[PDB]
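Shown here is one chain on its own, the form solved without 6-aminohexanoic acid (ACA), set out as structure tokens.
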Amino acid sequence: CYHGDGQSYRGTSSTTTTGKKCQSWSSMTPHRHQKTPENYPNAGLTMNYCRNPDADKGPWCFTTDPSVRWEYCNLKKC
């Protein structure tokens, strides 16, 4: 569900703390990240899910919103 940093997470949450939908951890149309399964192999970096390949706080994603690079995702701690 969510265990602290939550780098450990492998849910199906493709939506952010603002109703945004997550960009493909593969894609780059809205924004040119550099945070790929290639770059971050060992992180369940698939489709468009909420995640934390960095020792970040809790699962993030890259936004599909041209105004919004990326942003946090609303998952409950556990």
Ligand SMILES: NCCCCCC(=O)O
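Note that residue numbering begins at 1 and tracks the sequence as displayed.
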For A43, the third of its chain into which the C-alpha B factor falls = highest
message = Is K35 in the lowest, middle or highest third of its chain when residues are ranked by C-alpha B-factor?
response = middle
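The same protein also has a form solved in complex with 6-aminohexanoic acid (ACA), omitted here; what follows describes it.
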ask   = Superimposing the C-alphas around the site, does 6-aminohexanoic acid (ACA), as posed in the deposited bound form, end up open here or blocked, where blocked is 3 or more of its atoms within 2.4 Å of backbone or C-beta atoms?
value = open
query = Taking 4.5 angstroms as the cut-off for heavy atoms, does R69 touch 6-aminohexanoic acid (ACA) in the deposited bound form?
reply = yes
message = Does any part of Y9 reach within 4.5 Å of 6-aminohexanoic acid (ACA) in the deposited bound form? Heavy atoms only, please.
response = no
inquiry  = Within 4.5 Å of 6-aminohexanoic acid (ACA) in the deposited bound form, counting any non-hydrogen atom, which residues from 45-78 show up?
reply    = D54, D56, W60, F62, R69, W70
